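*Asks:* Below is a structure I'd like to ask you about.
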Amino acid sequence: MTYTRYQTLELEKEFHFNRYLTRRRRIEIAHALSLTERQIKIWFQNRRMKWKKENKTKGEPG
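For the sequence shown, counting from 1, position 49 maps to 54 in the deposited numbering; every step adds exactly one.
As structure tokens, this is what we get:
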């Protein structure tokens with residue numbers, strides 16, 4: 006069970022665009038994806054924890 010490739014794409018695009026999803030924009034992306042908000046928030050948080058372990062070479066000192 007997985008979010009779609011598109012949804013994941015749009016999420017990473019949103020993560021690139023912005024780091025912290027406020028009420029309205031989270032709804033907007035959640036509509037654009039079609040997920041239940043909670044999921045987007047979770048994805049956004051977890052995305053941080055699997056941002057900084059992928060963003061290596063540059064991101065060694067943190």
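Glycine included, every Cβ here is placed at the ideal spot set by N, Cα and C.
Do the segment 38 to 47 and the segment 56 to 65 touch if we need at least three Cβ pairs shorter than 8 Å?
*Replies:* no
*Asks:* Under 7 Å between the Cβ atoms of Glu19 and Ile32?
*Replies:* no
*Asks:* For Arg43, report the span of its alpha helix (DSSP H) as first-last.
*Replies:* 43 to 54
*Asks:* Does the beta carbon of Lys57 come closer than 7 Å to any beta carbon on chain C?
*Replies:* Checking the listed chains, one finds no chain C in this structure; it contains a single protein chain.
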